[PDB]
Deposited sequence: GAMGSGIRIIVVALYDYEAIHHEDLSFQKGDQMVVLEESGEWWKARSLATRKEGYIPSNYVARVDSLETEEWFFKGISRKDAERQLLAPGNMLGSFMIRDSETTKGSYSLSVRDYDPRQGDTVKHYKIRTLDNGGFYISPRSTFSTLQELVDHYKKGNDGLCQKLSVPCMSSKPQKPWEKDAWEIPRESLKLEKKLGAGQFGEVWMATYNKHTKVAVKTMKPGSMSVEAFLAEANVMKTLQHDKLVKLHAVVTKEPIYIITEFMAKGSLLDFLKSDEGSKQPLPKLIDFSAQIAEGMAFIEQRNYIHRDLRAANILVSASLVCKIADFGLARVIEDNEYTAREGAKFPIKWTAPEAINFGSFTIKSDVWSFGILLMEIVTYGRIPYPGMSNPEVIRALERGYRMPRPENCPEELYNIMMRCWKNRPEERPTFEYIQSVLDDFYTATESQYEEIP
């Protein structure tokens, strides 16, 4: 006997799936992935539902101010998104204290601008929870209600929970390999050598992006290999691989990033009013993605702003990764002269990418042809520092551009530095007595 409750209003797009609203409760019949067979209680109909739209009744996630599986940096990114003001808060699972919680509040001090402060949450005895040992609480709800009524030792009082967005709907069940007939490629987005990229529609609803491949050099059954491999590498900073069309020419169906490529975005009009901290935030998201790739020991072989895509909410993801196991200004000398290409050469690439982002999509090594570049690189030449670039960010680029491959940093260290670029290590969690 398992009863859940819906967190957002949902509409049926498939045939055997249910429809509900924010607040309606449902019985659970089957657990099998992101889709659960469930019986509604208001309609009493039995349909399939997205498992990330519901949560077990009165089990924390039911509350508006609780956010599961969110990191400290992520909570910082969300609380500064449009729709949030001073005091906009949230409670999340602790990232450094597994089995504990943390409170994140939006504040403003004049000498830095808008900020997000994080307080730890202690829990034992067990009489309840506390942030300051003087004021103790039984449940997290009453705890919230106290600090909501006057800032008892905080840099700001609590106003409203974070402006949570409705999650992206999960892919259709059993729909890995799909009939091509399900597609309506209604706009060409890009074309180049090996294939095209279209904005498409999968069955009337659900927008989608399709990459069509003109065959030849790329084989046939040598593609269900890389497909089934990259399908196992799910990540929030990598572009999601949804479906793949069986018959040749093979179609690759992925999520549709609403604002195209990063290079197009930076060169664009909106992506030029984007301040420096947001660019650093972008490169931190990319670093996070390259760090996940690094943990899995894989290589990208082609890293640049053109291969980074942007969602409508300014989220960066990584596109056709590993398609070099399936154009040199971003390439390290070890991979140019000797064809090395490792995770370290990708660190070099990330250095040039970092150069693109800061220069609003400018061409690396401007005024230089590829020969003029390669001849100068052996001469020990590195790109100068832009007039709007911090010396510390420049030092990161320089570290990425070491002659020795293994003297270069890791994407784990690069991400960490970039994530807390404006925050001293001691300032991460403000501790109040």
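Deposited residues without C-alpha coordinates, grouped into stretches that follow sequence order: Gaps vs deposited seq, in order: 1 to 7, 334 to 347.
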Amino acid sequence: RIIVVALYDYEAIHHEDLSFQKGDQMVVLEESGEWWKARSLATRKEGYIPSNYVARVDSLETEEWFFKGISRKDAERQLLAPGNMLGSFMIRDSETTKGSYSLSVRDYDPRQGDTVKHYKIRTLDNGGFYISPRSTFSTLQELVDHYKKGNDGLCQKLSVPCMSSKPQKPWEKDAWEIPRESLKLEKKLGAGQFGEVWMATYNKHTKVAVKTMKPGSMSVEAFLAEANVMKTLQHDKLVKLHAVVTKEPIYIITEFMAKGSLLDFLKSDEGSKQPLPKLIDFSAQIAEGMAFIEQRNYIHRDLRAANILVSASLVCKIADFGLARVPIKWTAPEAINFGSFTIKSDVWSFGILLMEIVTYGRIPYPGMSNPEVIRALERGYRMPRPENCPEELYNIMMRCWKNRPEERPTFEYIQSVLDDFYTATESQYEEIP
From here on, numbers count along this sequence of modelled residues.
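Just so we're on the same page, rigid core means the largest C-alpha set that superposes within 1.5 Å between forms.
Segment of greater CA departure in 9 other deposited structures of this protein, 330 to 338 or 100 to 108, core superposed: Higher root mean square deviation of C-alphas in 9 other deposited structures of this protein is shown by 330 to 338.
Rigid core superposition result in 9 other deposited structures of this protein, more deviant of 244 to 252, 182 to 190 by Cα: Clearly, after the core fit, the stretch farther away in 9 other deposited structures of this protein is 244 to 252.
Coordinates absent for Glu288 in a third or more of other entries: Looking at the other entries that model residues on either side of it, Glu288 is present in every one.
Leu124 left out of the model in a third or more of other PDB entries: In at least a third of the comparable entries (those modelling both sides of it), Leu124 has no coordinates.
Stretch with the higher entry mean CA B-factor, where the candidates are 217 to 225 and 343 to 351: Comparing 217 to 225 with 343 to 351, the higher mean C-alpha B-factor belongs to 217 to 225.
Of 158 to 166 and 354 to 362, the stretch whose C-alpha atoms average the higher B-factor in the entry: Between 158 to 166 and 354 to 362, it is 158 to 166.
Deposited CA B-factor, highest of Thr139, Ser102, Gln285, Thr254: It is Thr139.
Out of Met26, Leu377, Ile70, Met397, residue topping the C-alpha B-factor column of the entry: Of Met26, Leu377, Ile70, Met397, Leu377 has the highest C-alpha B-factor.
Among modelled residues of the same chain, the CA temperature factor third for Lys278: Lowest third - that is where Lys278 ends up once the chain's C-alpha B-factors are sorted.
Within-chain third of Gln295 by Cα B-factor, per the entry: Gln295: CA B-factor falls in the middle third of its chain.
Lowest, middle or highest third - CA B-factor, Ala6: Middle third.
Within-chain third of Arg77 by Cα B-factor, per the entry: Bottom third by C-alpha B-factor.
Chain-wide C-alpha B factor ranking for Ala38, given as lowest, middle or highest third: Lowest third - that is where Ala38 ends up once the chain's C-alpha B-factors are sorted.
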